[PDB]
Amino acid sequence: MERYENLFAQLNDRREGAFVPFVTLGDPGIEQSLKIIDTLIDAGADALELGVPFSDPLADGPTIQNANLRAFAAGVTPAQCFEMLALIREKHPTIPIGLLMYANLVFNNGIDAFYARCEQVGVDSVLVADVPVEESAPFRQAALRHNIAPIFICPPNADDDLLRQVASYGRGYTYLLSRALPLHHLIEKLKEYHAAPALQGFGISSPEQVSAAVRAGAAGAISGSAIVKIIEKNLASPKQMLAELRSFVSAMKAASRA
């Protein structure tokens, strides 16, 4: 989680928002995924959110449902995802790496052992998509024992009890979905409760949405599916895929800058 602290301190001294792309590990295969991720970083990604392909991803929209299927079609396994994560960290020492997991892949061989493996490969945070704060105790405990930030979603239908729990239990960043209390109010209240810095994760597909998120008082933006749409769009030309990813991330990052 220390990587996120260091990042946000550095961005705050530059009066700068974070831009954080999401991709599915191994979409559309392992080698092209490694090149995609290096291209996202070279283009100016401040941190990464990375998904592990799962048989039954009930929490993802169609674009990510189809990324998951391509990664399965390539036969990508959790063990291969953890080999990929070690290689990414070994190349890039400071960039915060966050995982987007489903509970079964975390619980499968022991919750503690899962977070121990995260720590060994140099993961900084884990968002478990189907674990609400009400069920989070053993996940957040294992996370913290292995120096992993547990990431919580603050949804548009949050109440005061949920803002206080998310503020208390989260580390690294708060995943804000302003998909319903105003945006202003949620960001203000999270800050009042000393929450982890907020990243806006709803509908971030253009530069103007990144600037709007920073202007609203968020620490940055997560592009939850627009990066994956650019992969889906360019499967036939890997080289064009990497060029469109670089020009998209460059533009989104420029929008975060003072």
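Here the rigid core means the biggest group of C-alpha atoms that line up within 1.5 Å when the two forms are laid on top of each other. Numbers follow the displayed sequence, beginning with 1.
Stretch comparison, 47 to 55 versus 197 to 205: after rigid core superposition, larger RMS CA deviation in 8 other deposited structures of this protein is found for 197 to 205. Averaged as a root mean square over residues and superposed structures in 8 other deposited structures of this protein, CA distances to the shown form are larger in 224 to 232; the pair compared was 224 to 232 and 210 to 218 with a core fit. In the comparison with other entries of the same protein, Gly122 is given coordinates in all of those covering both sides of it, so it never reaches the one-third threshold. The records show that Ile151 is included in the coordinate set of every other eligible entry of this protein, so it is not omitted in a third of them. In the deposited entry, the stretch joining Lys91 to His92 is continuous, with no residue of the deposited sequence left without coordinates. Relative to one another, 150 to 158 and 180 to 188 have unequal mean CA B-factors, and 180 to 188 is the one with the higher figure. Legend: mean Cα B-factor per stretch from the PDB entry, 72 to 80 versus 168 to 176; the higher mean is in 72 to 80. If you compare the C-alpha temperature factors of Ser223, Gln209, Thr39, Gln65 in the entry, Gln65 comes out highest. The PDB entry assigns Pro197 a C-alpha temperature factor belonging to the lowest third of its chain's modelled residues.
In this PDB entry, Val214 carries a Cα temperature factor that places it within the middle third of its chain's modelled residues. The PDB entry assigns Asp27 a C-alpha temperature factor belonging to the middle third of its chain's modelled residues. Remark: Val20 belongs to the lowest third of its chain, ranked by C-alpha B-factor as recorded. Annotation for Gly51: CA B-factor lies in the lowest third of the chain's modelled residues.
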